[PDB]
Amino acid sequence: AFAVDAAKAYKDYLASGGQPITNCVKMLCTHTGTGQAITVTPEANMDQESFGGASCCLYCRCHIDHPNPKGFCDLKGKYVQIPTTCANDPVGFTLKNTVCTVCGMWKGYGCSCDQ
């Protein structure tokens, strides 16, 4: 029944004032992209930074198993768009937020679907 809960541990270390994970790989891009959350090439709009996906994944960075039956990572090999105001902590952002399944934008950071 025991499982390491790294997501909870990182959220708690953040709340206690720990420095966010560094060296997430920020890409050069036009910043005129669709703004969707996780894409096959950088898609940052004017309000976002694009990062290499693997470097923004808590499980990739900590060298631990991904929390699903198949061990799959949906960031590695892709690019993640992070709101510029949140780009000091891309790992925390991807961990605390959810991608809207119909429009592909971050819930509360671009998703228009419930207006």
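Throughout, we count residues from 1 along the sequence that is shown.
For the pair 35-43 and 70-78, the mean B factor over Cα atoms is greater in 70-78. Between 22-30 and 58-66, it is 58-66 that carries the larger average Cα temperature factor according to the deposited entry. Among the modelled residues of the chain, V102 sits in the highest third by CA temperature factor in this PDB entry.
Compared with the other modelled residues of the chain, the Cα B-factor recorded for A9 ranks in the middle third.
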